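> Quick one: structure below, then a few questions.
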Amino acid sequence: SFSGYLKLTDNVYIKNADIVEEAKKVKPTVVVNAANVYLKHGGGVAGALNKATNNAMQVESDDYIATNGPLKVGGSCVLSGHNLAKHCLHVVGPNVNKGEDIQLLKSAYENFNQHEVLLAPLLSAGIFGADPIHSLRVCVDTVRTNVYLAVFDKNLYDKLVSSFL
Ligand SMILES: CN(C[C@@H]1CCOC1)c1ncncc1Cl
């Protein structure tokens, strides 16, 4: 199971780790992807998870979009976890860099409540432009299921832990 995590709350855990390396090690039931509405896994966590699947995540995602159309910002879909996990929960947090409503971050985290345990990144953090400290706060105040957060950046991980209220 999950190792080396710092416990933040009853159900939220955090580790300075590469979520791809973490997923290949734990092979969790659910890995969360920091998805966009089109499931175009170009960069950030999505590009990294997709590259670890040898593009199989993108091929599967393009078929999902062809059938269903785009996701909503704040929405999600469950697809295969490929070689990383049993499932991948593709969750769309608001992209502040595209002017999306930061209030949708709580809706985005609510998707985690449908899964007993998840390996996840901080939604809307990184290239999505939101403040990761705010993302962690919304995560702890929204998610009730067991969430193991992987924060790639060591300096950000230290800032998140040291400032966690
Ligand atoms: C028991 N679970 C986990 C569910 C069970 C299957 O999907 C996740 C809960 N999750 C959130 N809030 C309350 C409860 Cl009781």
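> Could you work out the local net charge near residue 31, counting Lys and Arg as +1, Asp and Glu as -1, over the other residues with Cβ closer than 15 Å to its Cβ? Spell out each step's value before the answer.
On the way: positive: 15, 24, 25, 27, 51, 86; negative: 18, 21, 22, 60, 116.
For residues surrounding residue 31, the net value is +1.
> What does the net charge come to around residue 154 if you take all other residues with beta carbon closer than 12 Å to its beta carbon, with K and R at +1 and D and E at -1? Don't skip to the answer; put the middle values down first.
Working: positive: 15, 159; negative: 18, 153, 158.
So the surrounding residues net to -1.
> Now a separate question. Picking from 61, 140, 102, whose Cα lies most toward the positive end of the charge dipole for the chain (charges on Cβ: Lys, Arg +1; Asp, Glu -1)?
140
> Follow-up question, since we're still on this one. Who wins for biggest fluctuation among 42, 81, 93 in a Gaussian network model of the chain, springs between alpha carbons below 10 Å?
In the Gaussian network model the winner is 42.
> Among 136, 149, 79, which one shows the biggest mean-square fluctuation in a GNM of the chain, springs joining Cα atoms closer than 10 Å?
Fluctuation is largest for 79.
> List the trypsin sites (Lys or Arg not before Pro) within the range 1-76 that DSSP assigns to loop and that have no more than 14 neighbouring Cβ atoms inside 10 Å. All intermediate terms of the calculation are to be shown ahead of the outcome.
On the way: sites: 7, 15, 24, 25, 40, 51, 72; in loops: 40, 72.
Passing both the DSSP loop test and the Cβ count: 72.
> Something else about it: Going by the alpha-carbon gyration tensor, a ≥ b ≥ c the square roots of its eigenvalues, is the range 1-128 rounded (a/c under 1.5) or, if a/c is not under 1.5, prolate (a/b greater than b/c) versus oblate? Let's see the in-between values first.
Numbers: a/c = 1.62, a/b = 1.16, b/c = 1.40.
The shape class here is oblate.
> Roughly how many debye, to the nearest 20, is the charge dipole of the chain about its Cα centre, given +1 on each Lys and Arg Cβ, -1 on each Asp and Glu Cβ, and no other charges? Mind dumping the intermediate values first?
On the way: 15 positive and 15 negative charges, 46 e Å.
Rounded to the nearest 20 debye, it is 220 debye.
Ideal geometry is used to build each Cβ from the backbone, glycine not excepted, and the neighbour counts take in all protein chains shown. The numbers here are math on the coordinates, done by the rules we state, and not lab data.
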